[PDB]
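Undergrad: Sharing a structure here in structure tokens format.
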Amino acid sequence: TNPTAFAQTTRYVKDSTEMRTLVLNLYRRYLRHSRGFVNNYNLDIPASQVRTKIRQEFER
Amino acid sequence: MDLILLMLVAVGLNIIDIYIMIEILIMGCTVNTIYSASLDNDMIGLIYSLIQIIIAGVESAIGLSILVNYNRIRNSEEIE
Amino acid sequence: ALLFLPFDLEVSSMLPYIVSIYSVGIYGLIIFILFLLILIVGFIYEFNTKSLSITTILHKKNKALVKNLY
Amino acid sequence: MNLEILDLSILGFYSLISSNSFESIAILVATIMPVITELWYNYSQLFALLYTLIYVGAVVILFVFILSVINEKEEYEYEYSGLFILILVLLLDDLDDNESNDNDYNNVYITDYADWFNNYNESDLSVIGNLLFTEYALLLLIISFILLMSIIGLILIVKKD
Amino acid sequence: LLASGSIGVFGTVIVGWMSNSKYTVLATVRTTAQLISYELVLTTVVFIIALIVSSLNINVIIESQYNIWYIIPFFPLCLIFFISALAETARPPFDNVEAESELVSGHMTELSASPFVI
Amino acid sequence: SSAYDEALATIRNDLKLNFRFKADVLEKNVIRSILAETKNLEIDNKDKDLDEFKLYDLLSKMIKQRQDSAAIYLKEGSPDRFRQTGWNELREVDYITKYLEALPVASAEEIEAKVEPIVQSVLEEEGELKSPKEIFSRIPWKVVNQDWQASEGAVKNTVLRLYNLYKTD
Amino acid sequence: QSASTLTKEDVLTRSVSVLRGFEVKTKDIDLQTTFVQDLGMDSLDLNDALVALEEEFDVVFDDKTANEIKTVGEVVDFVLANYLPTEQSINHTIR
Amino acid sequence: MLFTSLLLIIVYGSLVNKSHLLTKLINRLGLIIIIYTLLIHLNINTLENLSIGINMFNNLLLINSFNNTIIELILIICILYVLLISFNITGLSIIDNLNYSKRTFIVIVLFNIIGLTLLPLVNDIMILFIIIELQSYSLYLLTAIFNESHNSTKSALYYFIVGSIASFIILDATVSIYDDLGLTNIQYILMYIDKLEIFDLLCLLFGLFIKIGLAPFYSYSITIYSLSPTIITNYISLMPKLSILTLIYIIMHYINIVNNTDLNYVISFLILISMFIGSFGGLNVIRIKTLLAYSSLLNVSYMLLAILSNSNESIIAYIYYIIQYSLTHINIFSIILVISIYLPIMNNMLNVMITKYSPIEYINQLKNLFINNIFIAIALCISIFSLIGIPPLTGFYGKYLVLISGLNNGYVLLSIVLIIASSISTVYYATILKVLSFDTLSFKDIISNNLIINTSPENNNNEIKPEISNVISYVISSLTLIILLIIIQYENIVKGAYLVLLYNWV
Amino acid sequence: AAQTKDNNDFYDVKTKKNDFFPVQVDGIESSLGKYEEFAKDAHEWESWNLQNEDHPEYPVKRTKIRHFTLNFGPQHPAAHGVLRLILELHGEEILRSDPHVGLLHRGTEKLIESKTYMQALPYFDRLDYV
Amino acid sequence: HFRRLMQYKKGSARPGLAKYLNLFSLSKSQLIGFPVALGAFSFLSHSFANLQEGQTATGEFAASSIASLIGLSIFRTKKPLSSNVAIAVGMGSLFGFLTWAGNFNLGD
Amino acid sequence: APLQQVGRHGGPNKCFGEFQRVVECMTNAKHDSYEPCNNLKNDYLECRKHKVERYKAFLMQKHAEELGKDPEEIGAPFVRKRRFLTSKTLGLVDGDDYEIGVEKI
Ligand SMILES: CCCCCCCCCCCCCCCCCC(=O)OC[C@H](COP(=O)(O)OCCN)OC(=O)CCCCCCCCCCCCCCCCC
Ligand SMILES: CCCCCCCCCCCCCCCCCC(=O)OC[C@H](COP(=O)(O)OCCN)OC(=O)CCCCCCCCCCCCCCCCC
Ligand SMILES: CCCCCCCCCCCC(=O)OC[C@H](COP(=O)(O)OCC[N+](C)(C)C)OC(=O)CCCCCCCCCCC
């Protein structure tokens, strides 16, 4: 079998420095796909608002 | 209107639209052959018209295959 | 789909013979066979090349398990 | 009222404003239909039917290629044109429809006189086949040769193997 | 007869006119594939019958069968004509266009009321 | 500022034509880049009026910047895969020079036709030429806008070019 | 056609404008201008800027480069070396 | 023979398994087929019998001693071209395997040879249209034989579109003539040569001018020849011209009956422009095949002046010129294919990318050929000097015979312009020679182990290993010495061209 | 796995391995001058392109297009009830199948813990309900 | 010109069409200058031919250079005057040479 | 000699005889030049297009206008609708103005 699109293998990270990089990479992916989210889901807000919402969840 | 090449605006902006123009242009030759042959009561013109139709259909297929393979070349990664 | 056009024209080329079979006689009948015999080489060509198959993009091949023993 | 003039007026309007490739494959069908009907009603009903039998099969193959090559480009693009420039262009074009300048050949009507000598009376397709399969049999056999080349040509272009 | 029916094939594929319905689009591809299959066979079979009478008039073909019905000399062609007819009409076992279990309704999945009746 | 406003209208017009007729893409980058530097120029020179000479030094800096960048790339290679960055720099210099030569200012020959009598007259009265600083003194850097019709910098380039020709050491 | 038309002055100029629309300490941005010190961007602000600079130039920073970027000049270097025009349809080029 | 053997080869190629050796051996069978075709054609067709002009196949075809000579020339040049795909051009598999990877290569050539040989014989408008399609379709299929190549397919798309427009122009011209006269046979149409619109035949010539790359339609041929593989460009740039120009000569022979000087002026306008473009076009180019494309456009303009004058001196000029230019064309492309073995290998500025289809793509890839292979470099110099028109090479007599026919007919302007065009085009012909040789002394003592030829192994270190294969070397040697030493037999060869008649008789 | 320079979510720059020799070409010239003398104007000259599209390493930025993705969703006679089978097709050929279930997940296992053994028995009648 | 503007409006996002249209595009001063130069050429060629009871190479040299200079001063305004005269002398010489050689053929 | 101008029933059409007499004249060995066959060429071309005959009708119509002659008084009677080729127009003894049947023969 093959994994679905945009699938990552689960791994338990044991290094806080390596964990921090993985979080920052994922945060960039959320920002890049923000315009895609507005397109697919037909949102009534700009992609700029979507990126703001993403940052709030990462800031929590 | 013809001498200012108005036909260049009537042709669409895809490669396939050029193919359609060629078919229409050749079809104009066959209609002219049928018209003259019928007025003259001449079957040699109608034999010519039949030959034009078959031949014009051959180049339509040959040109299509070139365009088909041209599109395949672009979609060449085919990692699936 | 592309090869449909050459064969469609071949079928449409027999229409003159259908309504003139008697008049042309044996001469037209032999010419009619020659028309079909040249086109039968295209049929042999398509069979031998397997050009009328389905162009799949996946292929299932059975790998052999082997052991590089020491 | 010759209503074929109106049909070609609409077709010329839609050829100027056509944007995507589907509209072009419809301009082709919107062209063969006036040809087939006018051949049917004026000059040759045999070739009106031959056009339908051959061109339709070519049209569908043409249509199926549009599906495999449609590439999103012209749905979202913009065109400017202008309604006034379109209609003015079609008006100037409609002004001059005299393809020939022999006024007597275009104005004076003629007739033919029938005779009863042809007692063996058969269709035009039987005479066309009679000549094509006897006197111009070489033309037929070359056409068969060209059809064979297309069969080989299509395979050597498209087949990856 | 053959020319008129070929136009109906064109009218079927027009439903998937850059449509956003994937089942209509999937059905348009299958209509073309079936047309290529049956069109050559159905046309050639009728031409053999026309060749036996040396006429392209349907009434002459009927009246040519006074002493023999072409089912007896051309029993293989009657099967092939019927097989081609099933493929032309998209009737089972060749109902790959409107396959309910595959493409819900095929090219008709988006059609309702008058366009569906026609 | 009449000439400055007229000049910036042609640059804007060429932007409108470029979008209309889909002219060269690189030209679109040049005009868009000029307008941004013009936007910076307006902020830092308000109420002072904008003569074309101050615009002349703006386009002069753009021309000199890209020539320096082109020199490095045309010696050590462009970083892009198609190796076109170095030539792209020089292509933009041509576009900027097209507008530079359309301003109502003196050409290179007119400015040289006035400094060359000064460079020669310095050398004959003194014998040897060491630095251009002795030639800047005999230049009236107060009234070279309507008698010479040149900016402050275009005269500087003309002297530096002439000095390198005439220098004896 | 399928080649870059980018200059170092344009990429820097477009980079400065995109960085000017953010909340940075100073509007005076050059190649040597650092993100953490001169502009004052924390972890999240920096990646907002990188994605903003991605959209402007239609480029995508790799993960290794993005985590290790310090100065504005490094971005200009990256765009010049990696930018490619997007492929067009089979009809845009030949017609 | 051609038609019968083509059918066997078509079926046989699809039966046996696919391997490079089998395709190469099938190509050699194609070589035998053309040789037998030449022997059979020579055995039955003779110049003395065909002088009158003999009708065949219900007058659909008409062969005379002028048509017959071109047919034999086409068969001979096609023999030389098949040696390229039937033997080793370089001997290294990375380059030579391309010529053996397509099994339908030889089939398409045999398809096109039939179209090439029948086209000059056409005697009816219906068969003129059929044959010109048969020749054109095979050229498109040959241009696209390498369908895994992006440039090869792009060229075939351009070739198909332009060549279909020309064919429609050709068909539209014949339909207009049939509408005027109601006749299809050429000899019947000649009976009404004074009453049909003669410019309906200029439209027919215009479609033929597109297919030979004449200006202003030169753009597509220059583009196609440069993008196609060198093996493909060798064929498609020469073969269509042998047949179409011969057909143009026959059509212009009929046109001159009514002596319409307005038609002569339009053609002179196209020749004048083509000389200007052919000469000035090649001055600023870096690709060798783009340079040769302009050379082809220029030499076609020279031949069309002889075709336009259309007299007794024109038969000799055209016949001699077409023979010697075909040999020069074959010789140059043979050398270009061979000398890819001397290409340096990396181990970079401008990011120059070279593909397997066209290893020699730029003029400066011919650098130091005077050092790598002096005999081949001289052979290339002799061919280039022949294109220049340096006496007593074959190219000199070609220009001399063309000028005689042109000046005899009062074409003072075109004779002067071509001689100016020859001088202008000498600039880019000399640039090839400058690249080959001019840096010999400043580079003679250098260590070049980075060539493509150095990748080849050695057998025993006690044997002598020739660096170039036997067949391709002998062909280059033979053609170069023919070009060089034509003065020995020039008198006898030109006396033969005196006998080639096109309804001269008396 | 990881966003890289030549491969990311939105596009990739695919280059094949070079089958031919890495031929070196230096000193490009025309009959009127060297390449660098006209390279400024060579952008308009297609015959002056040094990069060949047939080369295996020719740079092409290709957008990552979603393959034809079909929802073989619950409203379908083939699916025996509620199955959102997500298929990525190449024409009609299946390339990847993603069966989405839980459209009939009713928490039977959770509810059973709240029932006695006798009360939980009818829940089993409704798992495989044929 | 107005036919090509329609082709512009029909498509401006296609670089291939735009590049080809820019080659054939004529400026405003060329749309006026070209008919004027050709009209002056025809007038002066016929006017001089009437003067000399026939066409001469000198008459064609004068007619072509003046017609060129008139057109050049219209659609080449932003070039030095001596540059336009240099082209006009070159253009006039070509047509004088064309007449001297007997046009396209000596004929009779 | 291939066949040309073949009628729809396989035999010679209206203009074949004109064409045949042109070929016989042009290929006869008794003719020094092609001048004798010039009138035969015009006759064949007149058989197809009737251009000179149409030109004569143009003159007669125009000359009748300038002398005030009525087109309906000097021309030939005609009917434009096939359904109204009635027995009264045809002149039958018991004629009528009712439409004739043209729907199905
Ligand atoms: C039984 C009748 C069937 C036809 C009835 C519908 C009438 C519509 C026009 C039919 C053909 C008339 C000429 C049109 C040629 C094709 C041009 C075209 O693009 O189609 C016109 C149609 C209207 O779209 P519209 O919104 O007006 O314009 C685009 C605005 N951005 O844009 C479309 O894409 C819709 C086209 C639907 C599919 C039509 C397929 C062609 C069928 C032609 C059969 C008849 C032949 C033509 C007879 C009339 C000739 C003018
Ligand atoms: C109505 C539309 C315009 C008419 C176009 C005519 C096309 C067919 C005429 C034959 C010329 C074929 C050459 C290819 C056609 C050129 C296409 C074209 O018109 O593009 C214009 C081209 C680009 O020039 P450019 O100014 O940079 O672009 C315009 C920027 N807005 O500028 C050019 O370079 C065009 C010149 C090409 C070279 C032709 C030279 C032929 C020889 C002329 C001189 C003859 C030599 C003998 C002279 C002695 C007799 C007097
Ligand atoms: C010369 C005398 C001609 C005879 C005339 C009739 C020709 C018919 C040919 C059939 C061949 C065949 O059924 O072909 C089977 C093919 C492909 O099958 P395959 O993959 O090759 O497997 C079979 C090969 N075995 C068994 C050797 C391994 O597809 C089919 O299942 C087609 C099914 C058609 C059914 C249509 C229903 C029609 C009902 C008619 C009611 C009036």
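Scheme for the structure tokens: letters A, B, ... for chains in order shown; per-chain residue numbers from 1; ligand numbers from 1 in order shown.
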Tell me which protein, DNA and RNA residues are within 8 Å of range 74-88 of chain G, counting only C-alpha atoms, leaving out same-chain ones fewer than 6 positions away, and put them as a compact mmCIF listing (two decimals) with N, CA, C and O atoms, in the first residue's frame.

TA:
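Result file is around.txt:
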# COMPACT_ATOMS: atom_id res chain seq x y z
N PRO F 79 24.03 33.74 -11.50
CA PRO F 79 23.64 32.65 -10.60
C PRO F 79 22.48 31.79 -11.09
O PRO F 79 22.34 30.65 -10.62
N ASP F 80 21.66 32.28 -12.01
CA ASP F 80 20.54 31.49 -12.49
C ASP F 80 21.02 30.39 -13.44
O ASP F 80 22.13 30.43 -13.96
N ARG F 81 20.14 29.41 -13.66
CA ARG F 81 20.51 28.25 -14.46
C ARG F 81 20.79 28.63 -15.91
O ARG F 81 21.71 28.08 -16.54
N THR F 85 21.26 36.51 -15.93
CA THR F 85 21.20 37.63 -15.00
C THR F 85 22.12 38.76 -15.43
O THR F 85 21.75 39.94 -15.37
N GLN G 1 11.45 33.20 -23.07
CA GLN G 1 10.37 32.31 -22.67
C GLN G 1 10.62 31.68 -21.30
O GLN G 1 10.32 32.28 -20.27
N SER G 2 11.18 30.47 -21.30
CA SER G 2 11.39 29.72 -20.06
C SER G 2 12.74 30.04 -19.42
O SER G 2 13.53 29.15 -19.12
N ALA G 3 13.00 31.33 -19.20
CA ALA G 3 14.22 31.76 -18.53
C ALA G 3 13.90 32.98 -17.67
O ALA G 3 12.93 33.70 -17.90
N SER G 4 14.74 33.19 -16.66
CA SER G 4 14.52 34.29 -15.73
C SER G 4 14.89 35.62 -16.36
O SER G 4 15.82 35.72 -17.17
N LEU G 6 15.34 38.37 -14.15
CA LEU G 6 15.52 39.03 -12.87
C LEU G 6 16.89 39.69 -12.78
O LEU G 6 17.89 39.12 -13.22
N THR G 7 16.92 40.89 -12.21
CA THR G 7 18.15 41.59 -11.90
C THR G 7 18.27 41.73 -10.39
O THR G 7 17.28 41.66 -9.66
N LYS G 8 19.51 41.93 -9.92
CA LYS G 8 19.73 42.05 -8.48
C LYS G 8 19.08 43.31 -7.92
O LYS G 8 18.70 43.34 -6.75
N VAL G 11 15.07 42.59 -7.67
CA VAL G 11 14.74 41.66 -6.60
C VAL G 11 14.92 42.33 -5.24
O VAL G 11 14.09 42.17 -4.34
N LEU G 12 15.99 43.10 -5.08
CA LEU G 12 16.17 43.87 -3.85
C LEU G 12 15.06 44.90 -3.68
O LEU G 12 14.53 45.07 -2.58
N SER G 15 11.91 43.16 -2.75
CA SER G 15 12.04 42.63 -1.40
C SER G 15 11.84 43.72 -0.36
O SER G 15 11.21 43.48 0.68
N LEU G 31 21.05 45.04 1.57
CA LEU G 31 21.43 43.63 1.53
C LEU G 31 21.93 43.15 2.89
O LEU G 31 21.60 42.05 3.32
N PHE G 57 7.69 36.68 -5.36
CA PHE G 57 8.58 36.21 -6.42
C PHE G 57 8.20 34.85 -6.97
O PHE G 57 8.89 34.34 -7.86
N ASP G 58 7.12 34.24 -6.48
CA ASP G 58 6.68 32.91 -6.92
C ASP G 58 7.81 31.89 -6.79
O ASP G 58 8.07 31.09 -7.69
N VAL G 59 8.49 31.92 -5.64
CA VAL G 59 9.52 30.95 -5.32
C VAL G 59 9.17 30.31 -3.98
O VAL G 59 8.36 30.84 -3.22
N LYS I 5 14.55 22.54 -2.66
CA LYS I 5 14.60 23.56 -3.69
C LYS I 5 13.98 23.08 -5.00
O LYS I 5 13.26 23.83 -5.67
N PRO I 59 15.86 22.86 -17.31
CA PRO I 59 15.03 23.27 -16.17
C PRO I 59 13.60 23.58 -16.60
O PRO I 59 13.38 24.45 -17.45
N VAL I 60 12.64 22.89 -16.01
CA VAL I 60 11.22 23.17 -16.22
C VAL I 60 10.53 23.18 -14.86
O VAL I 60 10.61 22.20 -14.11
N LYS I 61 9.87 24.29 -14.54
CA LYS I 61 9.05 24.38 -13.33
C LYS I 61 7.64 23.92 -13.68
O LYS I 61 6.91 24.63 -14.39
N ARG I 62 7.26 22.75 -13.19
CA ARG I 62 5.94 22.18 -13.46
C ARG I 62 5.11 22.24 -12.18
O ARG I 62 5.52 21.71 -11.15
N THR I 63 3.96 22.89 -12.27
CA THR I 63 3.03 22.92 -11.15
C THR I 63 2.54 21.51 -10.84
O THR I 63 2.28 20.71 -11.74

Undergrad: Taking only C-alpha atoms and all ligand atoms and a cut-off of 7 Å, can you tell me which residues surround ligand 2, written as a list in words?

TA: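 Every residue with an atom at most 7 Å from ligand 2 is listed here: residues 215, 216, 272, 273, 276 and 277 of chain H; 22, 23, 24, 25, 26, 27, 94, 95 and 98 of chain J.
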
Undergrad: Excluding residue 44 in chain K and its own-chain neighbours fewer than 4 positions away, which residues fall within 12 Å of it when counting only C-alpha atoms? Please give them as a PyMOL selection string.

TA: (chain B and resi 40) or (chain H and resi 180-183+191-192+195) or (chain K and resi 5+14-23+37-40+48-51)

Undergrad: Just to be explicit: take each residue in the selection above, keep N, CA and C atoms, and write the result as a JSON list (two decimals), in the first residue's frame.

TA:
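Saved result, out10.json, follows:
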[["chain", "number", "residue", "atom", "x", "y", "z"],
["B", 40, "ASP", "N", -21.78, 21.53, -64.69],
["B", 40, "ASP", "CA", -21.32, 20.98, -65.95],
["B", 40, "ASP", "C", -21.88, 19.60, -66.25],
["H", 180, "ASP", "N", -12.59, 26.83, -64.33],
["H", 180, "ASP", "CA", -12.50, 27.58, -65.58],
["H", 180, "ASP", "C", -12.74, 26.68, -66.79],
["H", 181, "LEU", "N", -12.06, 25.54, -66.85],
["H", 181, "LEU", "CA", -12.03, 24.73, -68.06],
["H", 181, "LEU", "C", -12.84, 23.45, -67.97],
["H", 182, "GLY", "N", -13.13, 22.95, -66.78],
["H", 182, "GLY", "CA", -13.80, 21.67, -66.67],
["H", 182, "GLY", "C", -12.94, 20.49, -67.06],
["H", 183, "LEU", "N", -11.62, 20.65, -67.04],
["H", 183, "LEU", "CA", -10.69, 19.61, -67.46],
["H", 183, "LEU", "C", -9.69, 19.35, -66.35],
["H", 191, "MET", "N", -4.18, 22.60, -74.15],
["H", 191, "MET", "CA", -4.93, 23.04, -75.32],
["H", 191, "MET", "C", -5.64, 24.36, -75.09],
["H", 192, "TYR", "N", -5.92, 24.70, -73.83],
["H", 192, "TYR", "CA", -6.55, 25.96, -73.46],
["H", 192, "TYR", "C", -5.59, 26.84, -72.66],
["H", 195, "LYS", "N", -6.41, 30.66, -72.72],
["H", 195, "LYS", "CA", -7.71, 31.15, -72.28],
["H", 195, "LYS", "C", -7.93, 31.03, -70.78],
["K", 5, "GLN", "N", -15.48, 15.15, -69.03],
["K", 5, "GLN", "CA", -16.86, 15.62, -69.18],
["K", 5, "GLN", "C", -17.82, 14.45, -69.36],
["K", 14, "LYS", "N", -23.33, 17.24, -72.12],
["K", 14, "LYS", "CA", -23.70, 18.23, -73.13],
["K", 14, "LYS", "C", -22.48, 18.79, -73.84],
["K", 15, "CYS", "N", -21.38, 19.01, -73.11],
["K", 15, "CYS", "CA", -20.22, 19.71, -73.64],
["K", 15, "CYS", "C", -19.09, 18.78, -74.06],
["K", 16, "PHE", "N", -19.30, 17.46, -74.02],
["K", 16, "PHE", "CA", -18.24, 16.55, -74.44],
["K", 16, "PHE", "C", -17.95, 16.69, -75.93],
["K", 17, "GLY", "N", -18.99, 16.82, -76.75],
["K", 17, "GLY", "CA", -18.78, 16.92, -78.19],
["K", 17, "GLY", "C", -17.94, 18.11, -78.58],
["K", 18, "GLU", "N", -18.15, 19.25, -77.91],
["K", 18, "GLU", "CA", -17.31, 20.42, -78.15],
["K", 18, "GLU", "C", -15.86, 20.12, -77.78],
["K", 19, "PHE", "N", -15.65, 19.47, -76.64],
["K", 19, "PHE", "CA", -14.30, 19.13, -76.21],
["K", 19, "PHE", "C", -13.66, 18.11, -77.15],
["K", 20, "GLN", "N", -14.44, 17.15, -77.63],
["K", 20, "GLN", "CA", -13.90, 16.13, -78.53],
["K", 20, "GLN", "C", -13.44, 16.74, -79.85],
["K", 21, "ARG", "N", -14.21, 17.68, -80.39],
["K", 21, "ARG", "CA", -13.81, 18.33, -81.63],
["K", 21, "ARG", "C", -12.59, 19.23, -81.45],
["K", 22, "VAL", "N", -12.35, 19.73, -80.24],
["K", 22, "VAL", "CA", -11.14, 20.50, -79.98],
["K", 22, "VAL", "C", -9.92, 19.59, -80.01],
["K", 23, "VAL", "N", -10.01, 18.43, -79.35],
["K", 23, "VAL", "CA", -8.89, 17.50, -79.31],
["K", 23, "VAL", "C", -8.56, 17.00, -80.71],
["K", 37, "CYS", "N", -8.06, 25.89, -84.69],
["K", 37, "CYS", "CA", -8.81, 25.36, -83.56],
["K", 37, "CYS", "C", -9.19, 26.43, -82.55],
["K", 38, "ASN", "N", -9.05, 27.72, -82.89],
["K", 38, "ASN", "CA", -9.40, 28.77, -81.94],
["K", 38, "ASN", "C", -10.90, 28.93, -81.79],
["K", 39, "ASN", "N", -11.66, 28.83, -82.88],
["K", 39, "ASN", "CA", -13.11, 28.91, -82.77],
["K", 39, "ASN", "C", -13.68, 27.72, -82.01],
["K", 40, "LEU", "N", -13.07, 26.55, -82.15],
["K", 40, "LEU", "CA", -13.54, 25.38, -81.41],
["K", 40, "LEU", "C", -13.31, 25.54, -79.91],
["K", 48, "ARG", "N", -20.12, 25.67, -71.53],
["K", 48, "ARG", "CA", -20.12, 25.49, -70.08],
["K", 48, "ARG", "C", -20.72, 26.70, -69.36],
["K", 49, "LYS", "N", -20.21, 27.90, -69.64],
["K", 49, "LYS", "CA", -20.63, 29.08, -68.91],
["K", 49, "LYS", "C", -21.65, 29.94, -69.65],
["K", 50, "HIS", "N", -21.70, 29.84, -70.98],
["K", 50, "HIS", "CA", -22.62, 30.64, -71.80],
["K", 50, "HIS", "C", -22.40, 32.13, -71.59],
["K", 51, "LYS", "N", -21.14, 32.53, -71.38],
["K", 51, "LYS", "CA", -20.86, 33.91, -70.98],
["K", 51, "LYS", "C", -21.22, 34.90, -72.07]]

Undergrad: Counting only C-alpha atoms, what is within 12 Å of residue 10 in chain D, bar same-chain residues fewer than 3 positions away, as a compact mmCIF listing (two decimals) with N, CA, C and O atoms, in the first residue's frame?

TA:
# COMPACT_ATOMS: atom_id res chain seq x y z
N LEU D 3 -32.59 32.21 -45.66
CA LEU D 3 -32.22 32.15 -44.25
C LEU D 3 -30.81 31.61 -44.02
O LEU D 3 -30.33 31.66 -42.88
N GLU D 4 -30.14 31.09 -45.05
CA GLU D 4 -28.75 30.69 -44.89
C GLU D 4 -27.85 31.90 -44.66
O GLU D 4 -26.79 31.77 -44.05
N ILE D 5 -28.26 33.07 -45.16
CA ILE D 5 -27.49 34.29 -44.93
C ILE D 5 -27.47 34.62 -43.45
O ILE D 5 -26.43 35.01 -42.89
N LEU D 6 -28.61 34.48 -42.78
CA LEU D 6 -28.66 34.74 -41.34
C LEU D 6 -27.80 33.74 -40.57
O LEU D 6 -27.12 34.12 -39.61
N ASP D 7 -27.83 32.47 -40.97
CA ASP D 7 -27.04 31.46 -40.28
C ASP D 7 -25.55 31.79 -40.33
O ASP D 7 -24.85 31.68 -39.32
N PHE D 13 -20.30 35.99 -36.31
CA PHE D 13 -20.28 36.68 -35.02
C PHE D 13 -19.62 35.83 -33.95
O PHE D 13 -18.82 36.32 -33.15
N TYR D 14 -19.95 34.54 -33.90
CA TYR D 14 -19.42 33.67 -32.87
C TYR D 14 -17.98 33.26 -33.12
O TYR D 14 -17.29 32.84 -32.18
N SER D 15 -17.49 33.37 -34.35
CA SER D 15 -16.09 33.10 -34.62
C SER D 15 -15.19 34.25 -34.17
O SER D 15 -14.03 34.02 -33.82
N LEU D 16 -15.71 35.47 -34.17
CA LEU D 16 -14.93 36.61 -33.70
C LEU D 16 -14.82 36.63 -32.18
O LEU D 16 -13.81 37.08 -31.64
N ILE D 17 -15.85 36.16 -31.47
CA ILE D 17 -15.89 36.25 -30.02
C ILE D 17 -15.50 34.94 -29.34
O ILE D 17 -15.48 34.88 -28.11
N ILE D 27 -17.54 25.77 -33.76
CA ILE D 27 -17.54 26.53 -35.01
C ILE D 27 -17.40 25.59 -36.20
O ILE D 27 -17.97 25.83 -37.27
N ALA D 30 -20.76 24.04 -36.59
CA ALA D 30 -21.63 25.11 -37.06
C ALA D 30 -21.31 25.54 -38.49
O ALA D 30 -22.04 26.35 -39.05
N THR D 31 -20.22 25.03 -39.07
CA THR D 31 -19.87 25.28 -40.46
C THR D 31 -20.28 24.14 -41.38
O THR D 31 -20.75 24.38 -42.49
N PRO D 34 -24.36 24.17 -42.26
CA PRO D 34 -24.78 24.97 -43.42
C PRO D 34 -24.30 24.41 -44.74
O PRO D 34 -25.01 24.53 -45.75
N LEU D 86 -17.27 44.75 -33.12
CA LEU D 86 -17.69 43.48 -33.69
C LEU D 86 -18.75 43.68 -34.77
O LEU D 86 -18.61 43.19 -35.89
N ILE D 87 -19.81 44.41 -34.44
CA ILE D 87 -20.93 44.55 -35.37
C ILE D 87 -20.53 45.39 -36.58
O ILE D 87 -20.97 45.11 -37.70
N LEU D 90 -18.68 43.11 -38.91
CA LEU D 90 -19.58 42.21 -39.62
C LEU D 90 -20.42 42.95 -40.65
O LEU D 90 -20.78 42.38 -41.68
N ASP D 94 -20.41 42.07 -44.59
CA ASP D 94 -21.64 41.70 -45.27
C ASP D 94 -21.89 42.53 -46.52
O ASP D 94 -22.64 42.10 -47.40

Undergrad: Using only C-alpha atoms, which protein or nucleic acid residues come within 10 Å of residue 43 in chain E? Drop anything in the same chain fewer than 5 positions from it, and give the result as a count of residues only.

TA: 10

Undergrad: Please extract the residues at most 12 Å from ligand 3, counting only C-alpha atoms and all ligand atoms, and provide them as a list in words, using the chain letters and residue numbers of this document.

TA: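 Checking only C-alpha atoms and all ligand atoms against ligand 3 at 12 Å gives residues 41, 45, 71, 73, 74, 75, 76, 77, 78, 79, 80, 81, 82, 83, 84, 85, 86, 87, 91, 92, 93, 94 and 95 of chain E.
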
Undergrad: Would you return as a PyMOL selection string the members of chain G that DSSP assigns to alpha helix (DSSP H) on this structure's backbone?

TA: chain G and resi 8-20+43-57+63-67+72-82+90-93
